[PDB]
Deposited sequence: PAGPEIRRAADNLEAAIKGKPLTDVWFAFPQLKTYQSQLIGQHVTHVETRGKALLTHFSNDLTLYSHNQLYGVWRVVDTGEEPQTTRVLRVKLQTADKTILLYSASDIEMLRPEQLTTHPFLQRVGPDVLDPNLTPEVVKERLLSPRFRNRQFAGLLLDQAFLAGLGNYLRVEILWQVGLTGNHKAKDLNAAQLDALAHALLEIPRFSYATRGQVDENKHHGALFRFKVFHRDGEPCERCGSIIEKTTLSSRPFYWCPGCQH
């Protein structure tokens, strides 16, 4: 439920990211008003949100889509099927076409945060478009800034692709217990956590074969390891399931 979806987003970027739109067409009448408005604009990036895609444009509009059962994005050359065409984004060389999907809507910035589906699933830590600056935004946003990291880091509504084993490594790297909230953190701390939320998860994926003959480049610090000393201070790691060093984490 992760490796894919990001694949569709990348196909669409490769095809038209940064390229000026020469034609924009939507099948739905309520979307017609954005056509001439997008001409000359370009997709800045395509964000993944569960099985949904967010196609951002340089004028701050964001096309949201959820293929659900039938929708399919096809790339072609500007010029080129029994399926009903719903969206057509055309540049000089490449053109992307959305077929069948019914869940298609245009969103203004302020609308992102309130969309029912989007409030339920956040950006993926593995998504290259996700930047530490964005993470800080969500952390600080009035919707999360008051949540303890213990559960926040286990809630997909905040960030997708965050397994418990990652939650404990991230917190140990910034020296924090699960009881803190982004509101009580100073700038330096907030940024530290922001990078940790991305780097650790990504560093974990880009590795791992085998452990029976070779040890992975990425090693756990407190996941499991309970009852073992901490590499930093030497205190014995504990478990609650949270894993932490009560010695250098507070």
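Participant: In sequence order, name the stretches of the deposited sequence that have no C-alpha in these coordinates.
Facilitator: Absent from the structure are positions 1, 82-84, 214-216, 248-252.
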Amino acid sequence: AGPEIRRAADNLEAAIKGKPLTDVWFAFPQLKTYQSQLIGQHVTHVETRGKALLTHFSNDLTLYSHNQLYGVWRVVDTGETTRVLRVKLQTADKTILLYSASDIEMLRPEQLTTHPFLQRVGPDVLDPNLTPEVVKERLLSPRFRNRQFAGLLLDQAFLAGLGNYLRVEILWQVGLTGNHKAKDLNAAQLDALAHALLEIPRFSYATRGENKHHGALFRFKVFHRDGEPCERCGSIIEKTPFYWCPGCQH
From here on, numbers count along this sequence of modelled residues.
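Participant: In the PDB record, does 94-102 or 125-133 carry the higher mean Cα temperature factor?
Facilitator: Averaging CA B-factors over each stretch, the winner is 125-133.
Participant: On mean C-alpha B-factor from the PDB entry, just flag whether 12-20 or 231-239 is the higher one.
Facilitator: If you average the C-alpha B-factors of 12-20 and of 231-239, the larger mean comes out for 231-239.
Participant: Go through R145, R74, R108, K88 one by one and give the residue whose Cα B-factor in the PDB entry is largest.
Facilitator: Highest C-alpha B-factor among the listed residues goes to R145.
Participant: Using the entry's values, work out which of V43, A216, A52, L63 has the largest Cα B factor.
Facilitator: In this record, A216 carries the highest C-alpha B-factor of the candidates.
Participant: Using the B-factors in the PDB entry, rank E210's C-alpha atom against the chain and give the third, lowest, middle or highest.
Facilitator: Ranked within chain, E210 CA B lands in the highest tercile.
Participant: Could you place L185 in the lowest, middle or highest third of its chain by Cα temperature factor, using the values in the record?
Facilitator: Tercile = highest for this residue's CA B-factor.
Participant: Where does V222 sit by CA temperature factor within its chain: lowest, middle or highest third?
Facilitator: Highest third.
Participant: Name the third of the chain's ranked CA B-factors that contains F158, choosing lowest, middle or highest.
Facilitator: Answer is middle: the recorded C-alpha B-factor places it there.
Participant: Looking at the entry's B-factor column for C-alpha atoms only, identify whether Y34 ranks in the lowest, middle or highest third of its chain.
Facilitator: For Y34, whose C-alpha B-factor we compare with every modelled residue in the chain, the answer is the lowest third.
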